């Protein structure tokens, strides 16, 4: 494979299985002997590989402390590999649900800052995540949360995941204009981040659990909004709620959100 991001699959070793969900199978292993890596094997026939491989360099050149660090890719062979740093604490959703952790709200707010910093960066690069959620944020050994799987939704082939009315579509993290009119923008990521904050302060509860995905869709349009989690103060709830303005252009930017979050942090 030729390219500044191309990794030699011969430099990879596969040591342990990690899971088989978001866009493909994931393996833990070593890169060049030294570095721990996670290797995501995109399920063969998963998406527009001509399209992904084409507009991959944009994704790969993204660099921020709160984005899971991409080391490279293997695109000559099939399946396509994506190699990242190993995140020892796994997906944020499982991390939140683990009852032995006993979080303080101080830690929850820090998680929200970590992700907001990452999303602020992506916003400044006009790069949409399109599927922000706790299930695809990652946590490292030091408890730092990082954003992952950013932008991959673009190349999904299955209309069950691509179409708003689809079976596997992330309805619960989507705003009205996406569910009705499939309008993805910076403001749809804003909406999703709000639901993520709700996931965090709810310690991993499913949004709108009492409703199915089709019922949730029906209720969002019509003005249903997530209630205030018990662990969320009024100021925290105000922040996440501001992400859910019906009119997209009335929602804040990630710069503003980060500023709000830092003010609350300074108030303890």
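Numbering follows the first chain given and starts at 1.
Peer 1: Can you tell me whether 190-198 has a higher mean C-alpha B factor than 72-80 in this record, or the other way round?
Peer 2: Mean C-alpha B-factor is greater for 72-80.
Peer 1: Averaging only over Cα atoms, indicate whether 15-23 or 243-251 has the higher B-factor in the PDB entry.
Peer 2: Higher mean C-alpha B-factor in the PDB entry: 15-23.
Peer 1: Using the temperature factors in the entry, find which of 124, 148, 174, 153 has the highest value at its Cα atom.
Peer 2: Among 124, 148, 174, 153, the highest C-alpha B-factor in the entry belongs to 153.
Peer 1: Sorting 159, 131, 98, 114 by Cα temperature factor from the record, which one lands on top?
Peer 2: Largest recorded C-alpha B-factor: 159.
Peer 1: When the deposited Cα B-factors of this chain's modelled residues are ordered and cut into thirds, is residue 182 in the lowest, the middle or the highest one?
Peer 2: For residue 182, whose C-alpha B-factor we compare with every modelled residue in the chain, the answer is the highest third.
Peer 1: Could you tell me which third, lowest, middle or highest, the C-alpha B-factor of residue 228 occupies within its chain?
Peer 2: Lowest third - that is where residue 228 ends up once the chain's C-alpha B-factors are sorted.
Peer 1: Could you place residue 47 in the lowest, middle or highest third of its chain by Cα temperature factor, using the values in the record?
Peer 2: For residue 47, whose C-alpha B-factor we compare with every modelled residue in the chain, the answer is the highest third.
Peer 1: Thinking about Cα B factors across the chain, which third does residue 37 belong to?
Peer 2: Middle third by C-alpha B-factor.
Peer 1: Can you tell me whether residue 221 has a C-alpha B-factor in the lowest, middle or highest third compared with the other modelled residues of the same chain?
Peer 2: Top third by C-alpha B-factor.
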